[PDB]
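Working notes for the structure below.
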Amino acid sequence: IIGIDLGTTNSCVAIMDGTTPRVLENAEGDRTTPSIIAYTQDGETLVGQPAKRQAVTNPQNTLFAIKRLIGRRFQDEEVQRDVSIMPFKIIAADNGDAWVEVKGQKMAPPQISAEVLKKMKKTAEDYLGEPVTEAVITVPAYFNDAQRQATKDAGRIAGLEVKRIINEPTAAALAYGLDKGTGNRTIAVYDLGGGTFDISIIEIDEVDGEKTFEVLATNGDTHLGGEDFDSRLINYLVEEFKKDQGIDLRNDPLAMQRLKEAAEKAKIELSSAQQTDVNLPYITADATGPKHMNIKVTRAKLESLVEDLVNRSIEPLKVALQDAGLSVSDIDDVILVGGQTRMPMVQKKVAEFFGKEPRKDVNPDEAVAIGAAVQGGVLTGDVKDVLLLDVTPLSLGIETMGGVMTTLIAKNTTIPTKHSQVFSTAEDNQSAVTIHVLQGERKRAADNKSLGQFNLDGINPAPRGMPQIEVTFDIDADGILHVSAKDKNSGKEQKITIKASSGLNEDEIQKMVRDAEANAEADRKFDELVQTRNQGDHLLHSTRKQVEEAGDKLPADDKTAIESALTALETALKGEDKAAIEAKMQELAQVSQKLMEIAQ
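Residue numbers for the sequence shown follow the entry's author numbering, beginning at 4 and rising by one.
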């Protein structure tokens, strides 16, 4: 299992290297890869940086920000706004889904988002060397089943089985190590990403027995930070250039795009230094030749352009508390996600509000992928839960007198499940039993798979039929099989624990179905002998004592005749012959008319 972080703007993939988190890097040498897919006009399907690097050249067939659309329907508040702003041809699907039209062909966005996952899968495979067939994947907290399944569908289309699908706040909490080692923590997750903002206030409780990861309150914004802020700076840089160099840029789409990317980088520096220089060679050209742009910007000029939108990240931070009914002191940890959370101004303004400095002790364009890795790796490794009734192949049971499998857990029942049956000793003055744990579907125990065996010794000198030996089969929720046997007279228990990976594999399971379905006639022909052998054993044993109870009440001829037939039954019961046993039981029973009158 690999940990994929599927973002809005940017994608990152990770694994657990033993116990240690490892964050991987693409063939181009990038870690956090852009979640951009572009169908080049002459047919090439590009992903990532080579999808951004041509994005000006073929925008109508450039797909970005698909997490907004992934599993929403044509009439929705996001899709209706996306259709108003997004350059690529969004359409209504034939089911009313929000779909894309590219180069004239209609496609379902799990198919599109798969090209991120196929690149991430390749990126992961390229480090490991072995083919990967499994994933864990991220989502926001406020996504419904259709949006959660759409991401799992995107996984399946990539040949990645989605072995869990986890939330971005859970991933954030896991990433900074909040799996264990407190009784309770109340966390604030501040996600100020590439092109979205989320606040999720979440509770991690261990006091219900080391299990709850719950979302208490979430809020967020659609067009926050960034676009209305960087626009104050873009416009200053335009008006400074218009002033200094006597030419406009709002007319130039390329200069706007380059000014956007350049100034957005500069803004991120100026919250971490006093100054940086907005240098742009060959920005625009006119009758006086080219214009080279070099504008000096400071935090001080910046701070006086940008009085607004960080506060718009402290405003929903109020509702997320007001709806929950908690105070800033009740929160243990304020934890950061998203690449804008390297800008001092948000780190400062979050600290100022919460009072305790936010944690960024794991890199916040990777952490949310480490949150996938730490679940995917050692955890979903193995571990956890759910409930009962039916599914879910082969039967589990034990060997009983006859050499027959007696079934405790039936074929096609789910986990966890607890069932039991009461057994006994087979001989008089028998002080112990073997418990042989069978997996299979055949009658004859020697034809089923021996999972294990154990003993229960120390049964008191009782007569047979009487010692109440309970055998209990318990299958836990990790699939681990626990078999327990107990004497109810003394209370002396013995156990065995058998792994979910013990016993028969898929092909052995298929054989067993073919084996048990084909040999049904042969197995019944045995089961119908086991029944007769056991009836004969009861009669042989009881009629021996019905003589010993009778004594001098029983005449010599009867004693002579009955004891003769008792011997012969004890010979026939060393045969595999049913008919001889049924006959010798009759040859015996016929002569026990007077014996039964005495035993009566």
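We put the beta carbon where it would ideally sit given N, CA and C, even for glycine.
Secondary structure at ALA41: strand, using DSSP grouped into helix, strand and coil. An exposed status is given to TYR285, since fewer than 16 other beta-carbon atoms sit within 10 Å of its beta-carbon. The C-beta separation of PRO466 from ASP490 comes to about 15 Å, leaving the pair out of contact by the 8 Å criterion. Bounds of the beta strand (DSSP E) holding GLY6 are 5–8.
With respect to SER427, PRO470 sits close: the two C-beta atoms are nearer than 8 Å. At the C-beta level, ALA144 and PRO172 come within 8 Å of one another. Ranking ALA95, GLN63, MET89 and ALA161 by CA distance to the CA of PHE77 puts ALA95 first. Per DSSP, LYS183 is not a residue of any alpha helix (DSSP H), being assigned neither H nor E. Sequence-distant Cβ neighbours of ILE237 in its own chain, meaning closer than 7 Å and more than five residues away, are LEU262, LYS263 and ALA266. In this structure, the straight-line span from the alpha carbon of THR546 to that of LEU569 is close to 8 Å. Under the three-state reduction of DSSP, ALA138 is assigned to strand.
Where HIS422 is concerned, the enclosing beta strand (DSSP E) starts and stops at 420–426.
With a cutoff of 8 Å on beta-carbon distance, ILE40 and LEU66 are scored as near each other. Between the stretch 487–506 and the stretch 529–537, the count of Cβ pairs shorter than 8 Å is below three; the stretches do not touch. By alpha-carbon distance to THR126, the top candidate from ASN492, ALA586 and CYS15 is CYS15. When C-beta atoms of the stretch 104–122 are compared with those of the stretch 161–181, three or more pairs fall below 8 Å, so the two segments count as touching. For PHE232 and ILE317, the gap between their C-alpha atoms comes out near 15 Å.
Using a C-beta cut-off of 8 Å, the stretch 47–56 makes no contact with the stretch 190–200, since fewer than three inter-stretch Cβ pairs fall below that distance.
Three or more beta-carbon pairs separated by less than 8 Å link the stretch 272–279 to the stretch 336–350, which places the two stretches in contact. Residue pairing for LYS109: DSSP places it in a beta bridge opposite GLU104. The alpha-carbon of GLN325 is positioned some 43 Å away from that of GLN63. Taken in chain order, the complete alpha helix (DSSP H) segments of 4 residues or longer contained in the stretch 304–334 are 319–325.
Linking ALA582 to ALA575 through their CA atoms gives a straight-line distance of about 9 Å. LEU219 and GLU206 have their C-alpha atoms spaced approximately 6 Å apart. It is roughly 7 Å from the alpha-carbon of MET404 to the alpha-carbon of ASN537.
Look at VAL381 here: in three-state DSSP terms it is helix. In the structure shown, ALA17 adopts extended strand secondary structure according to DSSP, grouped into three states.
Between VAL337 and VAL353, the C-beta gap is smaller than 8 Å, which places the two residues in contact.
When the Cα atoms are used, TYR179 and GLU355 turn out to be separated by approximately 21 Å. Here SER398 is buried: its Cβ has 16 or more other Cβ atoms, across all protein chains shown, within 10 Å.
Approximately 24 Å separates the beta-carbon atoms of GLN44 and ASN29; this is outside 8 Å, ruling out the contact. Secondary structure within the stretch 188–262: the alpha helix (DSSP H) runs of 4 or more consecutive residues, fully enclosed, are 233–248 (chain order). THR23 has its alpha-carbon roughly 40 Å from the corresponding atom of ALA101. Under the three-state reduction of DSSP output, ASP129 falls in the helix class.
Counting C-beta pairs closer than 8 Å gives three or more between the stretch 583–599 and the stretch 554–573, which meets the contact rule. For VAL365, the number of other beta carbons within 10 angstroms of its own is at least 16, and it is reported as buried.
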